[PDB]
Amino acid sequence: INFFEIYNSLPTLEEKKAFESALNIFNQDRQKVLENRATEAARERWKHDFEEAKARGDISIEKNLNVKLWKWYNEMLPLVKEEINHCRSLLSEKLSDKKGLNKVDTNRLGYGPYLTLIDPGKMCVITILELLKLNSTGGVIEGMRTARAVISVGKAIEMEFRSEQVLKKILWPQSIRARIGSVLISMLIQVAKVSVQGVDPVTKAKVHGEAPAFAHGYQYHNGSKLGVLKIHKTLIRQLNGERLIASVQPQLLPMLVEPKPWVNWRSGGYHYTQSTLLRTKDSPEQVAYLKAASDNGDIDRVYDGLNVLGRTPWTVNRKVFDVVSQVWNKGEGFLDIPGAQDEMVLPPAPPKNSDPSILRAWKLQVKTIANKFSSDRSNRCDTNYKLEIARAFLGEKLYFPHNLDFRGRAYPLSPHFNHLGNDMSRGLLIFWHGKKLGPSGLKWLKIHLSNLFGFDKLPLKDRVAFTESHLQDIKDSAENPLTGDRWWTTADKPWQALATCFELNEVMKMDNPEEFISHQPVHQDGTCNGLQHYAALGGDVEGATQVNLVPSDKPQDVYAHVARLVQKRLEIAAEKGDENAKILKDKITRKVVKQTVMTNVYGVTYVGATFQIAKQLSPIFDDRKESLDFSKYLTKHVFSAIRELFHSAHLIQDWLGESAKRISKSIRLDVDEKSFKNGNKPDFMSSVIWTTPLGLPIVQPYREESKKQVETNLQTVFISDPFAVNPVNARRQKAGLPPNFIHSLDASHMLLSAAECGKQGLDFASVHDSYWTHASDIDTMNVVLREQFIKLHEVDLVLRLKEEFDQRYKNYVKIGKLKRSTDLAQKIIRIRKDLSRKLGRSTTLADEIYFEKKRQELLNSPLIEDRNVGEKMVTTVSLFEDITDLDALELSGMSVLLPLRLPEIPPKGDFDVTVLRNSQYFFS
Amino acid sequence: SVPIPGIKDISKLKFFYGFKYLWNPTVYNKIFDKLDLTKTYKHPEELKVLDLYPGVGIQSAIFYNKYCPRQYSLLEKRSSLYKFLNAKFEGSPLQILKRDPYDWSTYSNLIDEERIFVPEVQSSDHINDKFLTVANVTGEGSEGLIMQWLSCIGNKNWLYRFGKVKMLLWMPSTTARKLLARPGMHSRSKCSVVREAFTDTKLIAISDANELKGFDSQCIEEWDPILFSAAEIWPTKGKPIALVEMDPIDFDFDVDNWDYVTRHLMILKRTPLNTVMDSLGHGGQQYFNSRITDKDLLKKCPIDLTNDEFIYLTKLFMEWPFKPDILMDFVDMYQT
RNA sequence: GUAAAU
DNA sequence: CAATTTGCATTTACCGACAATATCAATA
DNA sequence: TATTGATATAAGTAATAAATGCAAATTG
Ligand SMILES: *O[C@H]1[C@@H](O)[C@H](n2cnc3c(=O)[nH]c(N)nc32)O[C@@H]1COP(=O)(O)OP(=O)(O)OP(=O)(O)O
């Protein structure tokens, strides 16, 4: 059924409201059935399939696959019951401390209580689905890696146990998950049977036989063993023939009921499925900090912004869907779709008595061909799954609940089909609600078409003139999308341009353009968002002017400026002998310098710029494989040109990086109750934490993960422990502080703007930097954007950041060396010797830290006696407070506990941020 | 004839790329007396001989002086050693070249296209009396080169298309210990298996006396190594240096399937053979239990197995109807 | 590796 | 301290990345 | 009596020392 067309045909708005209410109350049940995962339902499905196929007959079909799965479960259940009974019989007084071989000692007590809780059949279904779900994953040709399989089984059992528990605490360690998974997987290896057919090398005749469906094994890769589970080829073909995705768990799909509003981090998004506000991969510190902030109640605005982002309804486009369907039905590769590849082709076997270079080349050719074939197959499967979702959800309300990564940027829950996808997935989505085009709708729609061609740096007048100069082309391209002028496929973003051409054709055909109702979103794309935020932070003038902060009637583009600078530099340098200039002088385009310049302020080294320009030079005819010399030369020249172009941003970058370096090399006082045991060098357990204006706390996890071997029934898996703590990473914190800070400031701005737009009754959809609204409400959206950016950047954010660092890392001690000839060093030596000569220890730094903590406890408490004692108690840290120039103090030696100081803020510029209210050419 | 270098000239050099060399002519004299080169090579005058990684070249000079072969060629790419050899052996009948032995293109171009050094192809029945090769791969991380040459022995493509070419190879003591293990020892691995299958080597010289504990004590008697002090090698710091002689022998098995079986049966070494056959493929354990009738074989660990029963296991595995992609995989395991 | 953002 | 070394901007998602396992050594 | 730390595995995506691509960093 096509509910969208019925809604559009509704004459009266009251009728529309009644229809929406009826649709929601009817579709609650459909959402409930769509959201629920099928384990027990899979059980009776398999049972019914087996009982119905027992009467009809026996074949080798998908029904036969379900029958054999039912038989596998039926044979599993006695084994699981026997194992659980064996575990339960051990719960009596534990007479033997170390007898019963090693299984009883190391595994029976290890995972006894864990298996006895969940129902056996649920775990059997979980493991069967888990193994039949991840065929050919992790680099294995026809199987999965053992560690990934066992860990996934353990986590699935965790989720099932928690789902049972809430309908009636603790989260299991990684080792327990690994052991449970290994036990179940080994049992299924034992009990898996399937009939196979093959040829005999002696009889040359078919010999029917039975072999286990799953078989453990090991494979090598560059001198490293790698455990692997293998699946028989017959099961592989049956899984391939099992439609596309029928029994393999579909878990995350767009909703139909309006999403549940966010109130706390645990409750949000889907109705009956738990969700989290932050996508914490494996870190517990982020979860703890987010829970503390939510309990305090300082993230309300984030909740409102996410609710507004997830409250907008979507529909699947119809004409674009028809075009995609007609392109896909040809079974080939279009400009965008890679296509479907039929067969796998290989070069013939070379003679073994040939030079080893020939064999090596043949091996590389085979590997490359296999990788290309598999990449094409994966892309085809992804596009096919997207099209299946689009066809299934055609003509019905779609809602996209959102979350935030640890920085704060918003991403939808639906991973496969969402508005952040590629151009094909972006074309297939339009707003459910329709708005009156109005006097300004035509202009903005024409601007959108103009800037989907790449013409986004032209004045609005030039853009509308260009759009109106191609009315015949638009009409021809929209009247027959395929087998015609093919003008839409020449766009920079083809399918969005096709949809906008449809909308323009309809509005041109209409006699009265003002009353036309259009559902097409209009992309208002921010220009150099990172540079804009850097200019707003530092308060620069020239940097603000070059990034369209100041009001002007003509676009200013930094990427074009740097491209022209590079071209002039090379032309001056091309006179004598620069053959690299001969190859690349006029062939320098805005894209390469755009990428390099835009990433430069985040700390891109030479290798990153080289790789970026090499990637953006491959389709520029220079070469297909070897462009590294040209790329290196161009990176050198680009760095030489940009070294002086940005100055205010670089100071903030350097300050943030050095602050990250200082924080990541500091040890606190309180948690040092247990000595670091190295005598001299402690282990650092401090990570950069800061709070954005929206209140969301960002904790850079960036920890050095240590992996160990934990014994399992199958093998010993090499895994890490997420719950376990460990020292932070030295380089990642410094390398990621400024990118994270800039990528969180714009996310905060987007959240504020979305909240205001929702308060103003608008439809808002934001792809990170860019924001989508209707073609009519663009003016109000722009006003809201400017107002909210002004409110966000009316304060010196870096000053508040330094204040937050000072308040949080208040009593932190760094370790550093001092010159022995210094009088202060001699005083510190005298104090340490006087304190620790009678105690016995050789003035160990741990005792000094403990006594400094004691001084902090005494002299900071408001007790008069405690204050007097603190005045009568002096330590190394307490003594070293006379001079505020800690760096200038030090400028062999003995290390002491230097206090943690952060550098002075870079000088804030004299620029008025408010001026951009009239700067129309700032975000468009 | 050819002036042998001395210790002072060697110490004047700066970089040796980690390769350890011996520089006393007495040890080379006794090694050549004991080694019995002249018995296998009926006419050393007509012998055409190739040398790999010469370096110092003292052994080169001693060999040429004592035997006077038809053509003895030095293949080097290291700059300092090449300059040293060019300076010392100026105008010598010794042929100094500048090519890198690591690349197969070096041998291909030097033999086929350029025809500078053309050995004569003989039958694979007896030792090629007209061709001899010498290698000095003593680098820390250059074990892969030796192992690839060992594989090329079986495959017969690199230099063994000419027949049963004898090699006098210098290798680190640990590599020799890995490559000279006997069934039941704790140093047994696939490298030892391929060495035993393709060649019948005999250790000749070894630096560290205490290092002899690693090898099988039974075989030391008929090997009779020549012991020389650790201070004899110029790069005194580093691991000991051993010598092995390579004599390829005829084989009656298929290299690819035997290699697959030995590689997948050496991952689990200490596990009994009863439960390790499952690693070969789906259901291989049942078939191998049915086919094998020697129970002592099933009670033996893969370390205890010698190459004969490895060939046997390969033969049983060929007749198995439900064999996996042993060759149909075509060495496609992982791209990353 | 491919797509998405700066 | 001058000489040698290490990794290479951040994020999300998806597929085929995710240095890993087994056996012999040392210690609590 | 377990519990850790060490080492080989494969075998062209090498090693070495040269000369960086350039900080920014151990470290000997
Ligand atoms: O070029 C990549 C690619 O071939 C492969 N690779 C890495 N991650 C994946 C993945 O998730 N899926 C597939 N199919 N292939 C993958 O590894 C090659 C080399 O990677 P790098 O060593 O450059 O490391 P990284 O993944 O971080 O590279 P990049 O994506 O930042 O360029």
# chains A, B, ... in the order shown; residues from 1 in each chain; ligands from 1

$ interface_residues --of "chain A" --to "chain D" --cutoff "6 Å" --atoms "only C-alpha atoms (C1' of nucleotides)" --output "mmCIF file with N, CA and C atoms, in the first residue's frame"
data_model
loop_
_atom_site.group_PDB
_atom_site.id
_atom_site.type_symbol
_atom_site.label_atom_id
_atom_site.label_comp_id
_atom_site.auth_asym_id
_atom_site.auth_seq_id
_atom_site.Cartn_x
_atom_site.Cartn_y
_atom_site.Cartn_z
ATOM 1 N N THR A 137 34.058 -14.263 6.862
ATOM 2 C CA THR A 137 34.314 -13.007 7.550
ATOM 3 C C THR A 137 35.699 -13.036 8.179
ATOM 4 N N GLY A 138 36.293 -11.853 8.318
ATOM 5 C CA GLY A 138 37.600 -11.727 8.926
ATOM 6 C C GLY A 138 38.767 -12.068 8.029
ATOM 7 N N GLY A 139 38.553 -12.170 6.720
ATOM 8 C CA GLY A 139 39.602 -12.522 5.789
ATOM 9 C C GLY A 139 39.631 -13.982 5.391
ATOM 10 N N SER A 224 52.389 -16.367 11.155
ATOM 11 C CA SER A 224 51.533 -16.214 12.325
ATOM 12 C C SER A 224 50.350 -17.160 12.202
ATOM 13 N N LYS A 225 50.193 -18.050 13.180
ATOM 14 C CA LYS A 225 49.059 -18.962 13.209
ATOM 15 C C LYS A 225 47.777 -18.163 13.405
ATOM 16 N N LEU A 226 46.666 -18.682 12.891
ATOM 17 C CA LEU A 226 45.376 -18.008 12.967
ATOM 18 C C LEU A 226 44.278 -19.061 12.986
ATOM 19 N N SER A 378 30.715 -7.933 -2.674
ATOM 20 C CA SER A 378 30.265 -7.261 -1.459
ATOM 21 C C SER A 378 29.521 -5.971 -1.780
ATOM 22 N N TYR A 602 44.581 20.204 11.728
ATOM 23 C CA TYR A 602 44.382 19.122 12.682
ATOM 24 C C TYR A 602 45.651 18.329 12.957
ATOM 25 N N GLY A 603 46.770 18.694 12.342
ATOM 26 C CA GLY A 603 48.019 18.001 12.585
ATOM 27 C C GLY A 603 48.298 16.864 11.624
ATOM 28 N N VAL A 604 48.249 17.148 10.327
ATOM 29 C CA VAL A 604 48.553 16.158 9.302
ATOM 30 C C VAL A 604 50.040 16.211 8.986
ATOM 31 N N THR A 605 50.702 15.063 9.089
ATOM 32 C CA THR A 605 52.124 14.961 8.795
ATOM 33 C C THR A 605 52.325 14.862 7.285
ATOM 34 N N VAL A 607 53.145 12.138 5.523
ATOM 35 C CA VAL A 607 52.609 10.906 4.952
ATOM 36 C C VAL A 607 51.110 11.028 4.703
ATOM 37 N N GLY A 736 44.940 13.615 18.803
ATOM 38 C CA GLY A 736 43.502 13.700 18.674
ATOM 39 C C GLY A 736 42.815 14.780 19.482
ATOM 40 N N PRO A 739 41.643 17.702 16.709
ATOM 41 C CA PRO A 739 40.542 17.236 15.851
ATOM 42 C C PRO A 739 39.273 16.959 16.627
ATOM 43 N N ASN A 740 39.384 16.358 17.814
ATOM 44 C CA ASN A 740 38.195 16.079 18.610
ATOM 45 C C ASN A 740 37.538 17.363 19.087
#

$ select_by_dssp --residues "segment 207-398 of chain A" --states "helix (DSSP H, G or I)" --output "ChimeraX atom specification"
/A:233-241,284-296,300-310,319-328,356-392

$ interface_residues --of "chain A" --to "chain E" --cutoff "10 Å" --atoms "only C-alpha atoms (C1' of nucleotides)" --output "number ranges by chain"
A: 98, 220-225, 356-357, 360, 364, 605-607, 610, 632, 635-636, 731

$ interface_residues --of "chain C" --to "chain A" --cutoff "7 Å" --atoms "only C-alpha atoms (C1' of nucleotides)" --output "number ranges by chain"
C: 3-6

$ write_last_selection --atoms "N, CA, C and O atoms (P, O5', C5', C4', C3', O3' and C1' of nucleotides)" --output "PDB file, in the first residue's frame"
ATOM      1  P     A C   3      34.445   4.987  -2.908  1.00  0.00           P
ATOM      2  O5'   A C   3      33.399   5.451  -1.764  1.00  0.00           O
ATOM      3  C5'   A C   3      32.009   5.633  -2.128  1.00  0.00           C
ATOM      4  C4'   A C   3      31.149   5.558  -0.891  1.00  0.00           C
ATOM      5  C3'   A C   3      31.081   6.823  -0.032  1.00  0.00           C
ATOM      6  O3'   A C   3      30.153   7.777  -0.531  1.00  0.00           O
ATOM      7  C1'   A C   3      31.287   4.864   1.341  1.00  0.00           C
ATOM      8  P     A C   4      30.982   9.082  -0.438  1.00  0.00           P
ATOM      9  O5'   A C   4      30.537   9.749   0.963  1.00  0.00           O
ATOM     10  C5'   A C   4      29.153   9.650   1.375  1.00  0.00           C
ATOM     11  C4'   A C   4      29.063   9.840   2.868  1.00  0.00           C
ATOM     12  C3'   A C   4      29.849  11.013   3.455  1.00  0.00           C
ATOM     13  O3'   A C   4      29.265  12.284   3.192  1.00  0.00           O
ATOM     14  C1'   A C   4      30.132   9.128   4.821  1.00  0.00           C
ATOM     15  P     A C   5      30.129  13.520   2.618  1.00  0.00           P
ATOM     16  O5'   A C   5      30.623  14.312   3.905  1.00  0.00           O
ATOM     17  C5'   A C   5      29.727  14.540   5.001  1.00  0.00           C
ATOM     18  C4'   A C   5      30.492  15.028   6.200  1.00  0.00           C
ATOM     19  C3'   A C   5      31.711  15.891   5.910  1.00  0.00           C
ATOM     20  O3'   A C   5      31.434  17.259   5.649  1.00  0.00           O
ATOM     21  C1'   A C   5      32.226  14.351   7.615  1.00  0.00           C
ATOM     22  P     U C   6      32.390  18.080   4.661  1.00  0.00           P
ATOM     23  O5'   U C   6      33.431  18.755   5.656  1.00  0.00           O
ATOM     24  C5'   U C   6      32.961  19.483   6.800  1.00  0.00           C
ATOM     25  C4'   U C   6      33.993  19.479   7.898  1.00  0.00           C
ATOM     26  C3'   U C   6      35.349  20.046   7.533  1.00  0.00           C
ATOM     27  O3'   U C   6      35.352  21.465   7.572  1.00  0.00           O
ATOM     28  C1'   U C   6      35.629  18.049   8.766  1.00  0.00           C
TER      29        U C   6
END

$ closest_residue --among "A:722, A:227, A:154, A:217" --to "chain B" --atoms "only C-alpha atoms"
A:217

$ interface_residues --of "chain B" --to "chain A" --cutoff "9 Å" --atoms "only C-alpha atoms" --output "number ranges by chain"
B: 103-105, 108, 152, 155-158, 161, 264, 267, 278-284, 286, 318-323, 330-336

$ write_last_selection --atoms "C-alpha atoms" --output "PDB file, in the first residue's frame"
ATOM      1  CA  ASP B 103      66.749 -11.201  -6.572  1.00  0.00           C
ATOM      2  CA  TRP B 104      65.941 -14.122  -8.866  1.00  0.00           C
ATOM      3  CA  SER B 105      66.402 -11.716 -11.779  1.00  0.00           C
ATOM      4  CA  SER B 108      68.007 -15.318 -14.630  1.00  0.00           C
ATOM      5  CA  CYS B 152      63.731 -24.557  -4.749  1.00  0.00           C
ATOM      6  CA  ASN B 155      60.804 -27.557  -6.973  1.00  0.00           C
ATOM      7  CA  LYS B 156      63.871 -27.677  -9.292  1.00  0.00           C
ATOM      8  CA  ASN B 157      63.608 -24.183 -10.756  1.00  0.00           C
ATOM      9  CA  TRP B 158      66.220 -21.816  -9.333  1.00  0.00           C
ATOM     10  CA  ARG B 161      67.214 -27.650 -13.033  1.00  0.00           C
ATOM     11  CA  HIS B 264      49.079 -28.561   8.586  1.00  0.00           C
ATOM     12  CA  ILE B 267      51.065 -26.682  13.742  1.00  0.00           C
ATOM     13  CA  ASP B 278      40.817 -33.199  12.011  1.00  0.00           C
ATOM     14  CA  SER B 279      42.877 -30.092  11.207  1.00  0.00           C
ATOM     15  CA  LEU B 280      43.502 -31.356   7.663  1.00  0.00           C
ATOM     16  CA  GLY B 281      39.892 -30.977   6.549  1.00  0.00           C
ATOM     17  CA  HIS B 282      36.237 -31.694   7.182  1.00  0.00           C
ATOM     18  CA  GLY B 283      35.881 -35.265   8.403  1.00  0.00           C
ATOM     19  CA  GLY B 284      39.442 -36.263   7.551  1.00  0.00           C
ATOM     20  CA  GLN B 286      37.273 -40.580  10.284  1.00  0.00           C
ATOM     21  CA  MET B 318      45.486 -38.442  -2.142  1.00  0.00           C
ATOM     22  CA  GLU B 319      43.125 -41.421  -2.376  1.00  0.00           C
ATOM     23  CA  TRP B 320      40.605 -39.649  -0.116  1.00  0.00           C
ATOM     24  CA  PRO B 321      37.514 -38.775  -2.211  1.00  0.00           C
ATOM     25  CA  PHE B 322      36.470 -35.760  -0.109  1.00  0.00           C
ATOM     26  CA  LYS B 323      39.774 -33.902  -0.156  1.00  0.00           C
ATOM     27  CA  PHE B 330      46.319 -22.017  -5.087  1.00  0.00           C
ATOM     28  CA  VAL B 331      47.948 -20.323  -2.071  1.00  0.00           C
ATOM     29  CA  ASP B 332      45.048 -17.945  -1.362  1.00  0.00           C
ATOM     30  CA  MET B 333      44.885 -17.672   2.440  1.00  0.00           C
ATOM     31  CA  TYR B 334      44.927 -13.974   3.394  1.00  0.00           C
ATOM     32  CA  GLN B 335      45.449 -10.654   1.644  1.00  0.00           C
ATOM     33  CA  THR B 336      46.094  -9.046   5.050  1.00  0.00           C
TER      34      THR B 336
END

$ atom_distance --atom1 "atom CA of residue 290 of chain A" --atom2 "atom CA of residue 278 of chain A"
7.7 Å

$ residues_around --residues "segment 672-675 of chain A" --least-positions-apart "3" --cutoff "8 Å" --atoms "only C-alpha atoms (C1' of nucleotides)" --output "list in words"
residues 668, 669, 846, 849 and 850 of chain A

$ write_last_selection --atoms "C-alpha atoms" --output "compact mmCIF listing (two decimals), in the first residue's frame"
# COMPACT_ATOMS: atom_id res chain seq x y z
CA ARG A 668 47.45 12.07 40.34
CA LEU A 669 47.75 11.79 44.11
CA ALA A 846 55.80 6.81 46.39
CA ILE A 849 53.50 11.29 46.95
CA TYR A 850 51.75 9.78 49.98

$ residues_around --residues "segment 11-13 of chain B" --least-positions-apart "5" --cutoff "12 Å" --atoms "only C-alpha atoms (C1' of nucleotides)" --output "PyMOL selection string"
chain B and resi 5-6+21+23+55-56+79-85+233-236

$ atom_distance --atom1 "atom CA of residue 179 of chain B" --atom2 "atom CA of residue 266 of chain B"
14.6 Å

$ residues_around --residues "residue 140 of chain B" --least-positions-apart "3" --cutoff "9 Å" --atoms "only C-alpha atoms (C1' of nucleotides)" --output "count of residues only"
7

$ atom_distance --atom1 "atom CA of residue 910 of chain A" --atom2 "atom CA of residue 690 of chain A"
25.8 Å

$ residues_around --residues "residue 194 of chain B" --least-positions-apart "3" --cutoff "12 Å" --atoms "only C-alpha atoms (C1' of nucleotides)" --output "VMD selection string"
chain B and resid 147 to 155 178 to 181 188 to 191 197 to 201 248 to 249 251 255 to 256 258 to 263 266 306 to 308 310 to 311
